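Undergrad: Below are the structure tokens for one structure; questions will follow.
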Amino acid sequence: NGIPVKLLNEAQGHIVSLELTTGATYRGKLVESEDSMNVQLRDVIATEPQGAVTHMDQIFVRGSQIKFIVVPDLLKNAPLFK
Amino acid sequence: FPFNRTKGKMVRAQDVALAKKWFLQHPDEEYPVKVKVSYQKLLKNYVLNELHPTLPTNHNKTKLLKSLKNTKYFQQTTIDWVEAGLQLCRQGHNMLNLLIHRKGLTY
Amino acid sequence: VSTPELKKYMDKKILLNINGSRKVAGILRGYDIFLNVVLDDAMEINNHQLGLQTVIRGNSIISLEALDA
Amino acid sequence: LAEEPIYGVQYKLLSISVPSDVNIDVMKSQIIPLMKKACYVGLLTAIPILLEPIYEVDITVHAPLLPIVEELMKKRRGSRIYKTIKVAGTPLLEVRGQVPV
Amino acid sequence: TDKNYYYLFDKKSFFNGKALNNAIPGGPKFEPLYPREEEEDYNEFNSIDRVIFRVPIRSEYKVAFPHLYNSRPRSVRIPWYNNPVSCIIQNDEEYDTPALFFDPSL
Amino acid sequence: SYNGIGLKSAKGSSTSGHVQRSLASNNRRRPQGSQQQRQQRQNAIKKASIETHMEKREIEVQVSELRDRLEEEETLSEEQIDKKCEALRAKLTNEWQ
RNA sequence: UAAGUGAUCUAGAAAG
RNA sequence: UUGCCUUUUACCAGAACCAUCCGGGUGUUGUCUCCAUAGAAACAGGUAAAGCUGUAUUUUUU
Ligand SMILES: [Mg+2]
């Protein structure tokens, strides 16, 4: 099974960042993920390529359109790796 | 314990207890009074031993025989046990006579 | 394999952000494993309505932001 | 009876002897003892009885020792084997019981 | 093979008995640890005016719950309090058989 | 010692310290029937030897019923129910002297 | 209608 | 502190400290015995055998 997916799952709870193919970055508490990176977040900001920020409550995001997901540095320490 | 396992350290024949188990158990019924008494006594003996633990020497490796071996005056053979026993009897006898004679009492 | 857990978003109004910087609105009725949304129709982002009930395809979805908390 | 707690009892007032003169210190304090006394009287009237508790028991004997258990129960004063539930796939006879504490 | 067999024939139990000068009738007996200082002096505690005698409080029970049933226990070790051993061994040279017990309902 | 009864210690004693439980003990225990032979005799010898409140309770019950009825069927206002209740009470009083 | 189960110390040799 | 006892040793049996002993491991050396003897191989990849992974139509690569 996908180790990045696993990592993402683990990160559940944390304040993750999230950019799409469109280039619109989000940053907030990760709620839920799946095998395909079907992310959900809570209490999340949303900045476009221009730079104008927009706050929002509950966002769901589809893994296909997701570019990359930034997790906090805490999960580097442990423990799903080895 | 004894058979549960299939590997072990060797105990001395001395250090095995085949009677112990019976007396530890509740006695088999319809036995005479004397037997019961004996059992009780055995239990008591066991219990006292258990209670007061005589923890052994930390220091002393040097057993008696080892020291003797370390000298030149002892040498060692392999002997039939009966022969050894006989020797002991004779040697022992000699010792007791010799000491007695030294004491002066030859009578 | 796993179903999208959108039971919290059932019967709620959702801003579906879709391909080409477009948007859809409406109350959520149903869904499946491919993320094909079934929702009661609303306006496309001044603003104008089309359709009664709508069924959106999974691939087209960029996001779906919950209007109702 | 025992200066020990009351259980499974109703207390409906029938009449209250309250005087014309009213003072908050006496009226309440007096009631405090008096109520208890009244309750006691009521209890006395109503054919009082001590209630001991009963432990609900579970024993889990083997099959063939049930008679022994029964005998034991008989020997104790209050005792009741309500049901001897058969613990499947095992020798045990999970016997529900009642024994006064 | 049943460990529960040794109830009130444990070393611990024996020790307790010794402490409490209380023979489990089958087992051994010793000189008491403490001399029985019979100096109650007819006090209001443990009187026969006060207590009830539904149970006879056998000395079997003393070494089982030493700290409870016995009053002023001294140098008393704690005993065990066990599970039951359903262990069936076949003596007729047969293999995996529900012999001594009974089948499930369904 | 077994049930508080055995001789404290085997030493000193100058005896086995053996303890047969007595069969007089049983006899001593058992004479509940013997007590009846005496107890029974004793028993034989000494063998031969409010309404207003109720009414009030009934009235109270009636009142309660009335209140319930009022609650059920058109009596959001207090005056009506109270009035009716009062009337009922009066009637009850009349009935009981 | 119900009695009667069990608790069992010891234990010799010298010199005086 | 008890008990047999009346003197002690030799003893009774419990307690508290203590020791002695009969033994036990573990580790490190050193020896004693019985069997034995090579000072250099991986890289380009094959030949053969052992360890694990695999079996284009919406979220990865058609
Ligand atoms: Mg002299």
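Order determines the names: the first chain of the structure tokens is A, the second B, and so forth; residues in each chain are numbered 1 upward, and ligands are numbered 1 upward as they are shown.
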With only C-alpha atoms (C1' of nucleotides) as the counted atoms, please give the residues lying no more than 6 Å from segment 2-9 of chain G, apart from itself and same-chain residues fewer than 6 positions off, as a PyMOL selection string.

TA: (chain E and resi 25) or (chain F and resi 10-11+15-16+18-19)

Undergrad: When DSSP is applied to the backbone of this structure, which of chain D are assigned alpha helix (DSSP H)? Write them out as a PyMOL selection string.

TA: chain D and resi 24-45+66-75

Undergrad: Could you save those same residues with N, CA and C atoms as a tab-separated table (two decimals), in the first residue's frame?

TA:
chain	number	residue	atom	x	y	z
D	24	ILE	N	-38.61	31.21	63.66
D	24	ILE	CA	-37.90	30.41	62.64
D	24	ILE	C	-36.88	29.44	63.25
D	25	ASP	N	-36.27	29.82	64.38
D	25	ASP	CA	-35.29	28.97	65.06
D	25	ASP	C	-35.93	27.69	65.61
D	26	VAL	N	-36.99	27.84	66.40
D	26	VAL	CA	-37.69	26.69	67.00
D	26	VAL	C	-38.49	25.87	65.98
D	27	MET	N	-39.23	26.54	65.09
D	27	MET	CA	-40.18	25.90	64.18
D	27	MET	C	-39.50	24.81	63.37
D	28	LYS	N	-38.27	25.11	62.92
D	28	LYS	CA	-37.54	24.24	62.02
D	28	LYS	C	-36.83	23.14	62.82
D	29	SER	N	-36.15	23.59	63.87
D	29	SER	CA	-35.37	22.71	64.74
D	29	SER	C	-36.27	21.64	65.35
D	30	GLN	N	-37.41	22.11	65.84
D	30	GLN	CA	-38.41	21.22	66.47
D	30	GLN	C	-38.87	20.17	65.48
D	31	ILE	N	-39.15	20.62	64.27
D	31	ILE	CA	-39.60	19.75	63.18
D	31	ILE	C	-38.58	18.66	62.91
D	32	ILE	N	-37.32	19.09	62.85
D	32	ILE	CA	-36.19	18.20	62.60
D	32	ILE	C	-36.11	16.88	63.42
D	33	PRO	N	-35.95	16.96	64.76
D	33	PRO	CA	-36.27	15.82	65.56
D	33	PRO	C	-37.65	15.21	65.37
D	34	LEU	N	-38.68	16.06	65.38
D	34	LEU	CA	-40.06	15.59	65.49
D	34	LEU	C	-40.41	14.72	64.31
D	35	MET	N	-39.98	15.12	63.12
D	35	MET	CA	-40.27	14.40	61.89
D	35	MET	C	-39.76	12.96	61.98
D	36	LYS	N	-38.52	12.86	62.44
D	36	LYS	CA	-37.84	11.57	62.61
D	36	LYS	C	-38.65	10.67	63.54
D	37	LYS	N	-39.06	11.27	64.65
D	37	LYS	CA	-39.85	10.57	65.68
D	37	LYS	C	-41.13	10.02	65.07
D	38	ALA	N	-41.79	10.88	64.30
D	38	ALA	CA	-43.05	10.56	63.62
D	38	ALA	C	-42.85	9.35	62.71
D	39	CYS	N	-41.77	9.42	61.95
D	39	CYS	CA	-41.40	8.36	61.00
D	39	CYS	C	-41.23	7.03	61.73
D	40	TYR	N	-40.51	7.11	62.84
D	40	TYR	CA	-40.23	5.95	63.69
D	40	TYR	C	-41.54	5.32	64.16
D	41	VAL	N	-42.43	6.19	64.62
D	41	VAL	CA	-43.75	5.79	65.12
D	41	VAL	C	-44.52	5.04	64.04
D	42	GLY	N	-44.49	5.63	62.85
D	42	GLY	CA	-45.17	5.07	61.67
D	42	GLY	C	-44.65	3.67	61.38
D	43	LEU	N	-43.33	3.56	61.41
D	43	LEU	CA	-42.64	2.29	61.16
D	43	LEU	C	-43.10	1.23	62.16
D	44	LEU	N	-43.14	1.65	63.42
D	44	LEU	CA	-43.56	0.78	64.52
D	44	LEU	C	-44.97	0.26	64.29
D	45	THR	N	-45.84	1.19	63.90
D	45	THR	CA	-47.24	0.90	63.62
D	45	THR	C	-47.35	-0.15	62.52
D	66	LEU	N	-22.16	-30.69	41.84
D	66	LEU	CA	-23.35	-29.91	42.05
D	66	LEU	C	-24.03	-30.32	43.33
D	67	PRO	N	-24.07	-31.65	43.61
D	67	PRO	CA	-24.71	-32.11	44.83
D	67	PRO	C	-24.05	-31.52	46.06
D	68	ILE	N	-22.73	-31.48	46.05
D	68	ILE	CA	-21.93	-30.90	47.12
D	68	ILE	C	-22.34	-29.45	47.38
D	69	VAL	N	-22.43	-28.73	46.27
D	69	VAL	CA	-22.80	-27.31	46.28
D	69	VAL	C	-24.18	-27.13	46.92
D	70	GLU	N	-25.10	-27.99	46.49
D	70	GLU	CA	-26.48	-27.99	46.98
D	70	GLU	C	-26.49	-28.18	48.50
D	71	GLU	N	-25.71	-29.16	48.93
D	71	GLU	CA	-25.58	-29.51	50.35
D	71	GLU	C	-25.11	-28.30	51.15
D	72	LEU	N	-24.08	-27.65	50.60
D	72	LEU	CA	-23.48	-26.46	51.21
D	72	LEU	C	-24.53	-25.37	51.38
D	73	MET	N	-25.29	-25.17	50.31
D	73	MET	CA	-26.35	-24.16	50.27
D	73	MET	C	-27.37	-24.43	51.38
D	74	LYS	N	-27.75	-25.70	51.47
D	74	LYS	CA	-28.72	-26.17	52.47
D	74	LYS	C	-28.22	-25.85	53.88
D	75	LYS	N	-26.95	-26.16	54.09
D	75	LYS	CA	-26.28	-25.93	55.37
D	75	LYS	C	-26.35	-24.44	55.75

Undergrad: Hey, which residues come within 12 Å of ligand 1 if we count only C-alpha atoms (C1' of nucleotides) and all ligand atoms? Could you give them as a PyMOL selection string?

TA: (chain G and resi 15-16) or (chain H and resi 7-8)

Undergrad: Write the residues you've just listed into a file as a PDB file, in the first residue's frame, and include C-alpha atoms (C1' of nucleotides) for each of them.

TA:
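And here is the file that came out, part_2.pdb:
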ATOM      1  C1'   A G  15      29.819 -36.534  82.793  1.00  0.00           C
ATOM      2  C1'   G G  16      28.478 -34.846  87.589  1.00  0.00           C
TER       3        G G  16
ATOM      4  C1'   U H   7      23.690 -29.343  87.413  1.00  0.00           C
ATOM      5  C1'   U H   8      25.971 -28.965  82.785  1.00  0.00           C
TER       6        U H   8
END

Undergrad: What gap, in Å, lies between atom CA of residue 12 of chain B and atom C1' of residue 25 of chain H?

TA: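 About the pair atom CA of residue 12 of chain B and atom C1' of residue 25 of chain H: they are 14.2 Å apart.
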
Undergrad: Using only C-alpha atoms (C1' of nucleotides), determine which residues of chain B fall within 12 Å of chain H; present them as JSON, numbers by chain.

TA: {"B": [9, 10, 11, 12, 13, 14, 15, 44, 48, 52, 54, 55, 56, 57, 58, 60, 61, 63, 64]}

Undergrad: How would the residues just chosen look if you wrote them out with N, CA and C atoms as a compact mmCIF listing (two decimals), in the first residue's frame?

TA:
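Result written to out_38.txt:
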# COMPACT_ATOMS: atom_id res chain seq x y z
N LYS B 9 18.92 -27.72 33.48
CA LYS B 9 20.15 -27.87 34.22
C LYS B 9 20.01 -29.13 35.03
N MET B 10 21.13 -29.77 35.33
CA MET B 10 21.13 -31.02 36.06
C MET B 10 21.17 -30.69 37.53
N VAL B 11 20.34 -31.38 38.31
CA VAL B 11 20.35 -31.24 39.77
C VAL B 11 21.08 -32.44 40.32
N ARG B 12 21.57 -32.34 41.55
CA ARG B 12 22.17 -33.50 42.17
C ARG B 12 21.09 -34.48 42.54
N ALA B 13 21.43 -35.77 42.57
CA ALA B 13 20.52 -36.80 43.05
C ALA B 13 20.02 -36.45 44.46
N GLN B 14 20.94 -35.98 45.30
CA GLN B 14 20.60 -35.33 46.57
C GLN B 14 19.51 -34.27 46.36
N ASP B 15 19.74 -33.33 45.45
CA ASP B 15 18.84 -32.19 45.24
C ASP B 15 17.51 -32.49 44.52
N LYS B 44 5.77 -29.84 58.32
CA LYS B 44 6.35 -28.89 59.29
C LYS B 44 7.82 -28.66 58.96
N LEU B 48 9.26 -25.06 57.70
CA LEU B 48 10.29 -24.32 58.46
C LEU B 48 11.46 -23.98 57.56
N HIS B 52 12.60 -19.87 56.68
CA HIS B 52 13.88 -19.26 57.00
C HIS B 52 14.85 -19.54 55.86
N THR B 54 18.11 -19.65 54.10
CA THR B 54 19.54 -19.56 54.37
C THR B 54 20.26 -19.28 53.06
N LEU B 55 20.46 -18.00 52.77
CA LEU B 55 21.05 -17.59 51.50
C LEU B 55 22.55 -17.80 51.58
N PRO B 56 23.15 -18.41 50.54
CA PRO B 56 24.49 -18.96 50.68
C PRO B 56 25.62 -17.95 50.49
N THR B 57 26.85 -18.44 50.59
CA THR B 57 28.06 -17.62 50.43
C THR B 57 28.18 -16.93 49.06
N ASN B 58 28.24 -15.61 49.10
CA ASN B 58 28.63 -14.80 47.95
C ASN B 58 30.09 -15.05 47.59
N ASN B 60 32.77 -17.36 48.88
CA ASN B 60 33.55 -18.61 48.85
C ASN B 60 33.32 -19.50 47.63
N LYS B 61 34.23 -19.39 46.66
CA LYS B 61 34.35 -20.34 45.56
C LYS B 61 35.12 -21.56 46.05
N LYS B 63 36.05 -24.44 47.50
CA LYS B 63 35.59 -25.61 48.24
C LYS B 63 36.80 -26.37 48.77
N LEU B 64 36.55 -27.38 49.60
CA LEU B 64 37.59 -28.07 50.34
C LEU B 64 38.47 -28.88 49.37

Undergrad: What gap, in Å, lies between atom CA of residue 91 of chain D and atom CA of residue 102 of chain E?

TA: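 About the pair atom CA of residue 91 of chain D and atom CA of residue 102 of chain E: they are 7.3 Å apart.
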
Undergrad: Please return, as JSON, numbers by chain, all residues of chain C that DSSP assigns to strand (DSSP E) on the basis of the backbone.

TA: {"C": [14, 15, 16, 17, 18, 22, 23, 24, 26, 27, 28, 29, 30, 37, 38, 39, 40, 41, 43, 44, 48, 49, 53, 54, 55, 56, 61, 62, 63, 64, 65, 66]}

Undergrad: The selected residues should be written to file as a tab-separated table (two decimals), in the first residue's frame (atoms: C-alpha atoms).

TA:
chain	number	residue	atom	x	y	z
C	14	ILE	CA	-22.30	22.80	-0.97
C	15	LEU	CA	-20.23	25.05	-3.25
C	16	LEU	CA	-18.80	22.54	-5.74
C	17	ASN	CA	-15.67	24.08	-7.27
C	18	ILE	CA	-15.36	22.45	-10.73
C	22	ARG	CA	-16.24	27.30	-12.63
C	23	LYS	CA	-18.59	26.77	-9.66
C	24	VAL	CA	-21.84	24.93	-8.85
C	26	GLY	CA	-26.90	23.03	-4.29
C	27	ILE	CA	-28.04	20.72	-1.49
C	28	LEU	CA	-26.34	17.29	-1.41
C	29	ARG	CA	-28.56	14.26	-2.18
C	30	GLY	CA	-26.17	11.38	-3.04
C	37	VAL	CA	-22.21	13.93	-6.89
C	38	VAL	CA	-26.03	13.96	-6.93
C	39	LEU	CA	-27.36	17.35	-5.72
C	40	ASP	CA	-30.51	19.52	-6.00
C	41	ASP	CA	-29.86	22.21	-8.62
C	43	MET	CA	-27.10	28.82	-9.57
C	44	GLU	CA	-23.79	28.86	-11.49
C	48	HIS	CA	-28.52	32.41	-12.58
C	49	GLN	CA	-30.22	29.01	-12.04
C	53	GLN	CA	-31.92	18.18	-9.84
C	54	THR	CA	-28.28	17.78	-10.98
C	55	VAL	CA	-25.68	14.98	-11.22
C	56	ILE	CA	-22.01	16.08	-11.38
C	61	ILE	CA	-14.58	18.29	-9.29
C	62	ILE	CA	-11.68	20.47	-8.10
C	63	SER	CA	-13.28	20.82	-4.66
C	64	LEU	CA	-16.55	20.96	-2.71
C	65	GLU	CA	-16.64	23.63	0.01
C	66	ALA	CA	-19.44	23.26	2.58

Undergrad: Select residues of chain H: the criterion is any atom within 7 Å of an atom of chain E, counting only C-alpha atoms (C1' of nucleotides); output as an MDAnalysis selection string.

TA: chainID H and resid 13:15

Undergrad: Ranking C:69, C:50, C:10, C:33 by minimum distance to chain A and counting only C-alpha atoms, which one comes first?

TA: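 Under the stated criterion, the closest residue is C:69.
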
Undergrad: With a distance threshold of 8 Å and counting only C-alpha atoms, extract the residues of chain E near chain B and express them as a count of residues only.

TA: 10

Undergrad: For residue 58 of chain H, please output as a PDB file with N, CA and C atoms, in the first residue's frame all residues within 9 Å (counting only C-alpha atoms (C1' of nucleotides); exclusion window: fewer than 6 positions along the same chain).

TA:
ATOM      1  N   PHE C  34     -16.819   6.663  -7.380  1.00  0.00           N
ATOM      2  CA  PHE C  34     -16.142   7.551  -8.346  1.00  0.00           C
ATOM      3  C   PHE C  34     -16.271   9.052  -8.030  1.00  0.00           C
ATOM      4  N   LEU C  35     -16.957   9.398  -6.936  1.00  0.00           N
ATOM      5  CA  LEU C  35     -17.171  10.788  -6.509  1.00  0.00           C
ATOM      6  C   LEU C  35     -18.128  11.555  -7.436  1.00  0.00           C
ATOM      7  N   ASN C  36     -19.045  10.835  -8.089  1.00  0.00           N
ATOM      8  CA  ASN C  36     -20.092  11.471  -8.889  1.00  0.00           C
ATOM      9  C   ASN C  36     -21.171  11.986  -7.945  1.00  0.00           C
ATOM     10  N   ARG C  57     -20.156  14.884 -12.415  1.00  0.00           N
ATOM     11  CA  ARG C  57     -19.148  13.826 -12.583  1.00  0.00           C
ATOM     12  C   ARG C  57     -17.954  14.060 -11.652  1.00  0.00           C
ATOM     13  N   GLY C  58     -17.259  12.977 -11.306  1.00  0.00           N
ATOM     14  CA  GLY C  58     -16.133  13.022 -10.370  1.00  0.00           C
ATOM     15  C   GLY C  58     -14.891  13.750 -10.854  1.00  0.00           C
ATOM     16  N   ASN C  59     -14.461  13.444 -12.077  1.00  0.00           N
ATOM     17  CA  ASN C  59     -13.266  14.059 -12.681  1.00  0.00           C
ATOM     18  C   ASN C  59     -13.302  15.591 -12.714  1.00  0.00           C
ATOM     19  N   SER C  60     -14.478  16.153 -12.992  1.00  0.00           N
ATOM     20  CA  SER C  60     -14.656  17.608 -13.075  1.00  0.00           C
ATOM     21  C   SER C  60     -14.470  18.355 -11.746  1.00  0.00           C
TER      22      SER C  60
END

Undergrad: For chain D, list the residues within 10 Å of chain E, counting only C-alpha atoms, and write the list as a PyMOL selection string.

TA: chain D and resi 60-64+76-77+86-93

Undergrad: Kindly export the residues of the current selection with N, CA and C atoms, as a PDB file, in the first residue's frame.

TA:
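Final output, out-v2.pdb:
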ATOM      1  N   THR D  60     -19.126 -21.776  39.708  1.00  0.00           N
ATOM      2  CA  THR D  60     -18.808 -22.442  38.454  1.00  0.00           C
ATOM      3  C   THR D  60     -18.167 -23.792  38.707  1.00  0.00           C
ATOM      4  N   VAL D  61     -18.898 -24.664  39.387  1.00  0.00           N
ATOM      5  CA  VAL D  61     -18.415 -26.024  39.631  1.00  0.00           C
ATOM      6  C   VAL D  61     -18.315 -26.830  38.362  1.00  0.00           C
ATOM      7  N   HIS D  62     -17.485 -27.870  38.401  1.00  0.00           N
ATOM      8  CA  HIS D  62     -17.575 -28.974  37.445  1.00  0.00           C
ATOM      9  C   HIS D  62     -18.965 -29.628  37.486  1.00  0.00           C
ATOM     10  N   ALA D  63     -19.207 -30.517  36.529  1.00  0.00           N
ATOM     11  CA  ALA D  63     -20.452 -31.274  36.464  1.00  0.00           C
ATOM     12  C   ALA D  63     -20.801 -32.032  37.761  1.00  0.00           C
ATOM     13  N   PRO D  64     -19.916 -32.935  38.212  1.00  0.00           N
ATOM     14  CA  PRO D  64     -20.315 -33.902  39.227  1.00  0.00           C
ATOM     15  C   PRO D  64     -20.355 -33.399  40.681  1.00  0.00           C
ATOM     16  N   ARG D  76     -26.131 -23.512  54.810  1.00  0.00           N
ATOM     17  CA  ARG D  76     -26.333 -22.070  55.096  1.00  0.00           C
ATOM     18  C   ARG D  76     -27.815 -21.723  55.181  1.00  0.00           C
ATOM     19  N   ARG D  77     -28.145 -20.665  55.923  1.00  0.00           N
ATOM     20  CA  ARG D  77     -29.546 -20.389  56.288  1.00  0.00           C
ATOM     21  C   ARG D  77     -30.393 -19.966  55.094  1.00  0.00           C
ATOM     22  N   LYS D  86     -25.758 -24.539  32.257  1.00  0.00           N
ATOM     23  CA  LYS D  86     -24.740 -25.423  31.704  1.00  0.00           C
ATOM     24  C   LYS D  86     -23.805 -24.637  30.788  1.00  0.00           C
ATOM     25  N   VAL D  87     -22.543 -24.497  31.196  1.00  0.00           N
ATOM     26  CA  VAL D  87     -21.545 -23.782  30.394  1.00  0.00           C
ATOM     27  C   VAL D  87     -21.065 -24.715  29.295  1.00  0.00           C
ATOM     28  N   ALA D  88     -21.468 -24.419  28.062  1.00  0.00           N
ATOM     29  CA  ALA D  88     -21.259 -25.324  26.933  1.00  0.00           C
ATOM     30  C   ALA D  88     -19.788 -25.582  26.654  1.00  0.00           C
ATOM     31  N   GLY D  89     -19.517 -26.715  26.017  1.00  0.00           N
ATOM     32  CA  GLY D  89     -18.157 -27.115  25.664  1.00  0.00           C
ATOM     33  C   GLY D  89     -17.178 -27.297  26.819  1.00  0.00           C
ATOM     34  N   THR D  90     -17.680 -27.288  28.058  1.00  0.00           N
ATOM     35  CA  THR D  90     -16.842 -27.321  29.261  1.00  0.00           C
ATOM     36  C   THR D  90     -17.537 -28.125  30.336  1.00  0.00           C
ATOM     37  N   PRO D  91     -16.789 -28.564  31.356  1.00  0.00           N
ATOM     38  CA  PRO D  91     -17.422 -29.272  32.471  1.00  0.00           C
ATOM     39  C   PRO D  91     -18.302 -28.419  33.396  1.00  0.00           C
ATOM     40  N   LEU D  92     -18.229 -27.097  33.265  1.00  0.00           N
ATOM     41  CA  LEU D  92     -18.698 -26.209  34.315  1.00  0.00           C
ATOM     42  C   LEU D  92     -20.220 -26.092  34.344  1.00  0.00           C
ATOM     43  N   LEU D  93     -20.772 -25.912  35.541  1.00  0.00           N
ATOM     44  CA  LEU D  93     -22.211 -25.790  35.754  1.00  0.00           C
ATOM     45  C   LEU D  93     -22.525 -24.454  36.403  1.00  0.00           C
TER      46      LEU D  93
END

Undergrad: Check the smallest atom-to-atom distance from each of B:89, B:82, B:100, B:35 to chain G using only C-alpha atoms (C1' of nucleotides), then report the winner.

TA: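 The closest residue to chain G is B:35.
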
Undergrad: To one decimal place in Å, what is the distance between atom CA of residue 4 of chain C and atom CA of residue 32 of chain C?

TA: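 Value for the atom CA of residue 4 of chain C-atom CA of residue 32 of chain C distance: 7.1 Å.
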
Undergrad: Skip segment 75-89 of chain F itself and residues of its chain fewer than 3 positions away, then list as a ChimeraX atom specification all residues within 10 Å of it, counting only C-alpha atoms (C1' of nucleotides).

TA: /F:59-60,62-72,92-95

Undergrad: Write the selection just made, keeping N, CA and C atoms, as a compact mmCIF listing (two decimals), in the first residue's frame?

TA:
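Output saved as out-v8.txt:
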# COMPACT_ATOMS: atom_id res chain seq x y z
N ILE F 59 -60.79 12.92 48.78
CA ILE F 59 -61.06 14.29 48.33
C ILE F 59 -59.89 14.81 47.49
N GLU F 60 -58.70 14.58 48.02
CA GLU F 60 -57.44 14.98 47.38
C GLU F 60 -57.34 14.36 45.99
N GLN F 62 -59.73 13.18 44.15
CA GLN F 62 -60.78 13.76 43.31
C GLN F 62 -60.28 15.07 42.70
N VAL F 63 -59.69 15.89 43.56
CA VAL F 63 -59.15 17.19 43.18
C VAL F 63 -58.11 17.03 42.07
N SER F 64 -57.22 16.07 42.30
CA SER F 64 -56.14 15.74 41.37
C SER F 64 -56.71 15.38 40.01
N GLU F 65 -57.72 14.52 40.05
CA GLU F 65 -58.42 14.04 38.85
C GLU F 65 -58.98 15.22 38.07
N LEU F 66 -59.63 16.11 38.81
CA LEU F 66 -60.24 17.32 38.25
C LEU F 66 -59.19 18.16 37.52
N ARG F 67 -58.07 18.33 38.21
CA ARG F 67 -56.93 19.11 37.71
C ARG F 67 -56.45 18.52 36.38
N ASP F 68 -56.31 17.20 36.39
CA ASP F 68 -55.85 16.43 35.23
C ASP F 68 -56.78 16.68 34.04
N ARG F 69 -58.07 16.59 34.34
CA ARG F 69 -59.13 16.80 33.35
C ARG F 69 -59.00 18.18 32.72
N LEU F 70 -58.82 19.16 33.59
CA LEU F 70 -58.67 20.56 33.20
C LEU F 70 -57.49 20.72 32.24
N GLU F 71 -56.39 20.09 32.63
CA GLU F 71 -55.14 20.12 31.85
C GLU F 71 -55.39 19.56 30.45
N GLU F 72 -56.08 18.43 30.43
CA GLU F 72 -56.42 17.73 29.19
C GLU F 72 -57.23 18.64 28.27
N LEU F 92 -67.46 17.71 47.86
CA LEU F 92 -66.88 16.61 48.64
C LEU F 92 -67.15 16.82 50.13
N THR F 93 -66.91 18.06 50.56
CA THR F 93 -67.11 18.46 51.95
C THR F 93 -68.56 18.23 52.36
N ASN F 94 -69.46 18.66 51.48
CA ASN F 94 -70.90 18.52 51.69
C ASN F 94 -71.27 17.06 51.88
N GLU F 95 -70.72 16.24 50.99
CA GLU F 95 -70.94 14.79 51.00
C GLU F 95 -70.52 14.19 52.35

Undergrad: Using only C-alpha atoms, find the one residue out of E:21, E:2, E:78, E:13 that sits nearest to residue 7 of chain F.

TA: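 With only C-alpha atoms as the atom set, the closest residue is E:21.
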
Undergrad: Can you check which residues of chain D have any atom within 12 Å of chain F? Use only C-alpha atoms and format it as a PyMOL selection string.

TA: chain D and resi 12-15
